[PDB]
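# Remarks on the overall topology
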Amino acid sequence: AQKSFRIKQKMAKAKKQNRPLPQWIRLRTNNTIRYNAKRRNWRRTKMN
Amino acid sequence: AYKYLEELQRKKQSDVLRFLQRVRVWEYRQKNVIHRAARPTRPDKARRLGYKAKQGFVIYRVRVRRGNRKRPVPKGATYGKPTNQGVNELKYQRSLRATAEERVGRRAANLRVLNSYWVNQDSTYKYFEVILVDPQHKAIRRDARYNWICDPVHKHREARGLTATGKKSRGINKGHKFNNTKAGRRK
Amino acid sequence: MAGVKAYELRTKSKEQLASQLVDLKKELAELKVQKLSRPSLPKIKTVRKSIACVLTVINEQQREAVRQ
Amino acid sequence: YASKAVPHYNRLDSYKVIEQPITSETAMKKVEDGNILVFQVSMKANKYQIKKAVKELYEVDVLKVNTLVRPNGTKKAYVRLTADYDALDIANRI
Amino acid sequence: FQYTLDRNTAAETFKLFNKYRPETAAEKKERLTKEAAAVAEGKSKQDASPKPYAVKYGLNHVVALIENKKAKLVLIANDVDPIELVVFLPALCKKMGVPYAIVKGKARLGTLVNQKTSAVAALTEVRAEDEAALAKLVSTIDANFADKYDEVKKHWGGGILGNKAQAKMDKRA
RNA sequence: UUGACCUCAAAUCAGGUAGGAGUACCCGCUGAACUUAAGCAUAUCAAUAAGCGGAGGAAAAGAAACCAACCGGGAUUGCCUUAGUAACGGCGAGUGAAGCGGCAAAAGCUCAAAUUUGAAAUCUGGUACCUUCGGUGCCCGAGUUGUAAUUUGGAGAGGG
RNA sequence: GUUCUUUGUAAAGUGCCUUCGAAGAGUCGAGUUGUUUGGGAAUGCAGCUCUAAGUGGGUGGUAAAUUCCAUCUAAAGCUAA
RNA sequence: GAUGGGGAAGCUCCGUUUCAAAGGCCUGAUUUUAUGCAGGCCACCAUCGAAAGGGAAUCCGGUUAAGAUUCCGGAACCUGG
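Residues numbered from 1 in each chain as written, not as in the entry; some residues may be left out. Chains lettered and ligands numbered in written order. Part of a larger assembly, values for the part shown. Heavy atoms only, no water. Residues with missing side-chain atoms left out of burial classes, pairs and counts.

This entry, as listed in the PDB, derives from X-ray crystallography and reports a resolution of 4.0 Å.

Chain D is annotated in the PDB entry as 60S ribosomal protein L25 of Saccharomyces cerevisiae. The record lists its title as "Yeast 80S ribosome". If you open the UniProt record of chain D and go to Subcellular location, you find "Cytoplasm". The annotation that UniProt attaches to chain D under Sequence similarities is "Belongs to the universal ribosomal protein uL23 family." (UniProt positions renumbered as here; feature names shortened; annotations may be inferred.)

Taking the PDB entry as the reference, chain A is identified by name as 60S ribosomal protein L39 belonging to Saccharomyces cerevisiae. As stated in UniProt under Subcellular location, the record for chain A gives "Cytoplasm". Of chain A, the UniProt comment under Sequence similarities reads exactly: "Belongs to the eukaryotic ribosomal protein eL39 family."

Now the structure itself:
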């Protein structure tokens, strides 16, 4: 699958936000809510 | 002069009116759907309706198509009673020349249209001719004895109904009618 | 600028506010070439917002210009 | 032709325009065993621009520039160096 | 290849009823010439006229002024589009008294009015003149175009809607 | 050989213009059936939903080609009434609005048709209270020019 | 506040005379087709034909006729709540 | 599948083969670098539509945690100037 940027960039983002909850935010003096909660699993939900 | 012309074109058919309507239609007919302005064909009772004068000048011509109503579909169908069932012969509430006024508008509303005059009739159309004034323009609002057309809403309305033939084909009556509605009414 | 603003507001040439800007820039860049652990940044942020102060103060004193 | 109004101001610029010294584990190596500086870029990389960039900014000279569109958004360049620039040597910057 | 449009116009403009209607043909048959290369005596007099004989200039004006009788040798023009306007004139010319004159170049009768077009032009002054003009001219011209309007319908023809001028010069009521 | 008149164009050549959007509610066009009739066509549903094209702060309407008996009344708009009544109707099922009355808000007006063929209009330039493409001037230059002013419910008189 | 007052040939209000100026056409009305209305031989709308008048037309909630009478000026406009 | 246009109340429908100015370009050209002209081809009836069709030009060796007919070594051929 030799892609195209349109689907490239996007592919790349799948990556960029494929990451576990930040952990700082966990203690922002306010609330913060735990868990990435938006979590693509390249085996569960799927891209485009 | 204006008067002679007015009461002159008041006698149709008639030698001149005819031997003229003929050349002309034989001309006109052949010249693109609408074929914007030239220099005002019949200026006579054109003044009666704020003639040429607008804005500096601009009065375009359009051939609408004659006849009754093209009921689309192929079918019915839809039950039929209260047809419904009927198709070939519905009749257009529109106003034949009205359509003309609208299209003219579309073909360019750089202006706004003051009113539209007849001119001739084949068996395959009805040769109507509309007027303008380019509000988004000059003296139109400058030497505005007429900025009426210019102000906000009174514009493009060359088919919101508030025109003349629509105004007529609706309710400019007063008494003996249910013709200002809307309404509906009455609940 | 890095201020002020009340400073950059006057008044060296486009070819003066120039190497001021170019300066702060070679700053920001090297400031990046740091990139090593922490990182704070902190004055990467400083140098940055400033970079703009310059940029904006730079695109007006050429505008009121065109405005003549 | 003709006119009487126009655009506005020469905004900008548009250039700059070499990102953030993309150098890690393997990159350093590039700038080592091979002598080929692994900077990065701005995806809208004007291409031979990169040339004019480094050749200007770090100013030494370069020979090839093969430039992958890394999996990130990272559009990272692969620059070399004529008999001049000795990598770590022109790693005065980084 | 769209000059045709107008070309072919003139074509049927002749072809169909090769005359047709009123002096609507007078402004045709008797037009093609009207009013000779003898008219240029008029269109030379009425040339430097703005010095020896004032001038006219006034379309509707010349209409009410052939109703107000103070007119001159009034010459109506060949050209006309519509021909509607100047087709009035051909009637209230004798129906009042003036000496009609279906003169040549429309735009010429706009030369003799320091303006672009224009409509039919006339007069009402001289004294030098008064003879020279009205004499040879109004004699000859009034003869031609007038005794022409006599029949003139045919030749062609019709001098149509008199019932028109009837209406018009009636009307006032 | 040399000017224009005229319909027709072509200009990145100058300068504006629209086109999309959009809860409600306004101007239109275009148009169902479900439904009730204990059936079903008539019809009701309904000038309703859907579809389309146009506005606004509202919109639309409005100085009557009205209502009216005598009596008379006097642009629209809205409300209360008029009235579930005049009518309309397989006169079945159901439709069903008006107009001297009391309210609410209050405004009235300009063209075409008439002459002395315009001294009225666009611009663009110079300068101008207005500080660069700009509120309006003046003078001037090209261009417009059946589109400068009284007169339009009532007549003001229109002319003398 | 108006240090102005370019004008005052700038405009308004009697009885006297001039079928006094004369006022919107493919329109008005009609035949017919559809449509719509509470509209009923009684709505408007729009098609296709036909097509006026000028002591003219429109209307007057049954079609004709003929007298009369009553009442407004249509087929070009703007306009606050 | 836009446009020359034509249908449709209208979203839009229909037409690329039967309808100004053409479409531009070209060498020479009125030329000291604009731009007519000498002459030619002239609705070219826009453009989209192939990672198997059409189709300029590379290969061997070496290399990595993970690439490669590219990186790098050597040796090449094409295209435009």
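Check the secondary structure of chain A and you find 1 helix and 0 strands. Across its three principal directions, the C-alpha atoms of chain A cover 45 × 20 × 10 Å. (Helix = DSSP H or I, 4+ residues; strand = E, 2+ residues; numbered from the N terminus.)

This part takes up the overall build of chain D. If you tally the helices and strands in chain D, you get 2 helices and 0 strands. For a compact globule of 94 residues, the expected C-alpha radius of gyration is about 12 Å, and chain D comes in at 17 Å, more than 25% above that figure. Each of the three principal axes of chain D carries a C-alpha extent, and together these read 60 × 30 × 20 Å. (Rg over C-alpha atoms; globule rule 2.2 N^0.38 Å.)

Turning our attention to the arrangement of the chains. Here the protein chains form 2 pairs of chains in contact, of which the pair with the most contacts is chains B and E. Taking C-alpha atoms only, the smallest gap left between chain A and chain B, which are not in contact, amounts to 39 Å. At their nearest point, the C-alpha atoms of chain C and chain D are still 6 Å apart, with no contact between the two. (Contact = heavy atoms within 4.5 Å.)

Here we come to the interface of chain B and chain E. The interface is formed by 6 residues belonging to chain B together with 7 residues belonging to chain E. Its residues assigned to classes, the side of chain B that touches chain E shows 4 nonpolar, 1 polar and 1 charged. (Nonpolar A, V, L, I, M, F, W, Y, C, P; charged D, E, K, R; others polar.)

Here we take up helix α1 (residues 17–34) of chain C. Under the 1.5 Å per step criterion, the end-to-end length of α1(C) is 26 Å for 18 residues, consistent within 8% with the ideal 26 Å. Phi for C:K35, located one or two positions after α1(C), is positive at around 55°. (Expected span 1.5 Å × (residues − 1).)

Looking now at helix α5 (residues 133–150) of chain E. One turn of an α-helix holds 3.6 residues; hence residues three or four places apart share an orientation. The largest bend along α5(E) reaches roughly 30° and is located at E:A143. One or two positions beyond α5(E), positive phi appears at E:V152, with a value near 60°. (Bend = angle between axes of the 7 residues up to and from the residue.)

In a beta sheet, neighbouring strands are held together by backbone hydrogen bonds and run either parallel or antiparallel to one another. Residue and element names in this part refer to chain B. Pairing in this open sheet of 3 strands is antiparallel, and the strands run β1-β3-β2 from one edge to the other. A single partner strand is all that each edge strand has here, and the edge strands are β1 (61–64) and β2 (116–117). Bridge count for β1 against strand β3 (residues 126–130) is 4 bridges, and the pairing is antiparallel. Across the sheet, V64 pairs through a bridge with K126, a residue of β3. (Pairing = 2+ DSSP bridges.)

Relative to β3(B), β2(B) is paired through 2 bridges, and the arrangement is antiparallel. Looking at the pairing, B:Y117 lines up with B:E129 of β3(B).

In the segment running from B:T83 into B:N84, the intervening peptide bond is cis, with an omega of 5°. Position of B:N84 relative to the elements: it lies in the loop between β1 and α4 (97–106). Positive phi values are uncommon outside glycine, yet D:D61 reaches one of about 140°. Relative to the helices and strands, D:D61 resides in the segment after α2 (48–56). Even without being a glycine, E:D130 presents a positive backbone phi close to 70°. Here E:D130 is to be found in the loop between α4 (84–87) and α5.

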